[PDB]
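Single chain ahead, written as structure tokens, the form deposited in one PDB entry.
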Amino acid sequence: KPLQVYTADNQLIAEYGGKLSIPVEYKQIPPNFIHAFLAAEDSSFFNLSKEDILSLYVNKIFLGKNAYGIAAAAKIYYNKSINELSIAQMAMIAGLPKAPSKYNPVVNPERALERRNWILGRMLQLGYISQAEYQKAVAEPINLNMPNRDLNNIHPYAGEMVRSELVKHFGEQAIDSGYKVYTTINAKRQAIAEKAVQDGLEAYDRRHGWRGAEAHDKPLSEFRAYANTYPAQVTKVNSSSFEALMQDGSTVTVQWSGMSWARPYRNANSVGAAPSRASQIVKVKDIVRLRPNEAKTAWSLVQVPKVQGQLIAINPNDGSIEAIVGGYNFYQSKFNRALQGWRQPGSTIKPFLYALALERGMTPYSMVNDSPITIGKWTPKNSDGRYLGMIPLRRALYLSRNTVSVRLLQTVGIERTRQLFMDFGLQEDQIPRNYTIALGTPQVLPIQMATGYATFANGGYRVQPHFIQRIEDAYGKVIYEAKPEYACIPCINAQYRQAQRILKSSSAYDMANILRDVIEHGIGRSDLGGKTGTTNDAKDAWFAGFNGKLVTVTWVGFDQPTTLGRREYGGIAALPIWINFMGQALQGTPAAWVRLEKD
């Protein structure tokens, strides 16, 4: 009964094994196994006596790594039944009951062997094993063959989100429950999101150039295939092509067209000349990554991006998490950038501040002053070093004019702005108490930005992101049903809890129309609004946008904040990921904009 994770479309996507116990009949236990236990300790004062008491404990003894009982240990440590264990393996397991962490073969393999050999030595002296059995068993290595009990190979970020969140809030006992967790994840949108982030990061990566083979003269067996990339060993380099040994044992040829993109990376702002021969790109013994075409008739040279990215999409009416991608590929690490990647939003924050100016009486047409400004010793500059003077509020937001944002912040007040930022979903302790917050200096998570932008899509309400629709026990009993706060209750029929209003309907609508004007004054849709975002030195590229049914936030940046490049300002890398996702996710859906009539 593992914890099971399902999408909102009834697909089982993940299974998480917790505490395991597989009871066996005492007489089904190999005699050498019982003897390994009988030899595990120097004395017994309970032979026949210890054998009989062992029957009461054999199926429950804690043996480390979630194994309770001998059969669970045989399964967990070696992927074996009790009858398949060798004498060396039976002695290893018998050595664990006393201290399943001090004698554990995973955390302390050196200490584990010492305990095993001592029991093996005692089996020999008690005549349980022969000298030949002893010599074979003592020379035997740990031979661990641990099966994966965390099955998550369909939509890994969605599976891991459930396991990680349950363990963070409720500890490891959360996995032992055997519950069925029915998520809000839309499998079609999740698949679109995974592809859109992979494609988007590769598009950024390729224009920034070839960074060389990931390894040279290393065994091909030490590498893994992921993200539709296959490790290969270069065996021959010709003038316009190269041959490489693949993990399937075959030798493939990469033609010129498959590698000619490989201009060399110099820095984020510079690439070398287009390569003129295959020897400039690869060397014999290099470990490279190849990708086949549709039918495997041609192979091309690819590169795993160094840059990272994420995508989070929520329903703005109730906060349901529809799709989530935490990085280029789950194989890289379990880190989920949508939920844990704290970054500065930069200009992506501006709609939140400008909404407060709208609340305070201003209109999208109100004239605002883009002029030099000094506060104490601080002189904020516009990214372009120019000043536009009196301009409409909507133009100031479209152009992300820093001096306007600071004046608006001076007008509305720092504390009122911080409070509204918290109402949008930003974290109190991550919001500085100074004027730089108008420039997007708070640290935020992409999921908080998506919560904030949902406010514009839903008419001025605070929704809360959620990923559980229901929980059932292992027997089909529904034991939890989501009761989210809804922005618009009648909109469900197309319930009980009404979301709190955080902006006047008129302010939310004015901002949604500004953001639609922004997107339309740069998909074949007319119901989308969105804002690009950038941070100083182009360390982040963001895009936050929506229609009435879906809010998506995309981000691109290096994990160790570093420039994306001078031509990468203005959220350039993040926008195509959002466009691809939104276009495909919304395909076949009617126009859904702001609700002016339906309550």
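In this text, the rigid core denotes the largest set of C-alpha atoms whose superposition between the two forms falls within 1.5 Å. Each residue number is its position in the shown sequence, starting from 1.
> Does the deposited sequence hold unmodelled residues between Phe46 and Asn47, and if so, how many: none, 1 to 3, 4 to 9, or 10 or more?
Unmodelled stretch: 10 or more residues.
> In this entry, is the chain continuous from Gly522 to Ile523, or are deposited residues missing in between (none, 1 to 3, 4 to 9, 10 or more)?
Going from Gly522 to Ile523, the model skips 4 to 9 residues of the deposited sequence.
> Please work out which of 475-483 and 103-111 has the higher mean CA B-factor as recorded in the PDB entry.
Here the higher of the two C-alpha B-factor means belongs to 103-111.
> On average, which has the higher Cα B-factor in the deposited entry, 83-91 or 330-338?
The stretch with the larger mean CA B-factor is 83-91.
> Report the option among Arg501, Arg360, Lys195, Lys188 whose CA atom has the maximum B-factor in the deposited record.
Most elevated C-alpha B-factor of the set, per the entry: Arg360.
> Check the PDB entry and point out which of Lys75, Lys136, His208, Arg394 has the largest C-alpha temperature factor.
So the option with the highest C-alpha B-factor is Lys136.
> Compared with the other modelled residues in the chain, in which third is the CA B-factor of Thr552?
Answer is lowest: the recorded C-alpha B-factor places it there.
> According to the PDB entry, is the CA B factor of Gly452 in the bottom, middle or top third of its chain, that is, lowest, middle or highest?
Its C-alpha B-factor, which the entry lists for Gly452, ranks in the lowest third among residues of this chain.
> Among the chain's modelled residues, which third holds the C-alpha B-factor of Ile119?
CA B-factor rank for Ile119: highest third.
> Which third, lowest, middle or highest, does the CA B-factor of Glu202 fall in along this chain?
For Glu202, the deposited C-alpha B-factor lands in the lowest third.
> Could you look up the Cα B-factor of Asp176 in the entry and say which third of the chain it sits in: lowest, middle or highest?
Within its chain, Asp176 is a middle-third residue by C-alpha B-factor, going by the deposited values.
Only in words, not in the display: the form deposited in another entry, which the text now covers.
> To test your reading of the superposition: with the rigid core aligned, which of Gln340, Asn369, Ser164, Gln198 moves its Cα by 2 angstroms or more between this form and the one not shown?
Of all the options, the C-alpha that shifts by at least 2 Å belongs to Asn369.
> Is the shift of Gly530 between this form and the one not shown large enough to count as movement, that is, does its C-alpha move by 2 Å or more after the core is superposed?
No, its C-alpha moves less than 2 Å.
> Superposing on the rigid core, does the Cα of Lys477 end up 2 Å or more away between this form and the one not shown?
Result for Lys477: no, shift under 2 Å.
> Using a rigid core alignment, state whether the CA of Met146 is displaced by 2 Å or more between this form and the one not shown.
After core superposition, the displacement of the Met146 C-alpha between this form and the one not shown stays below 2 Å, so no.
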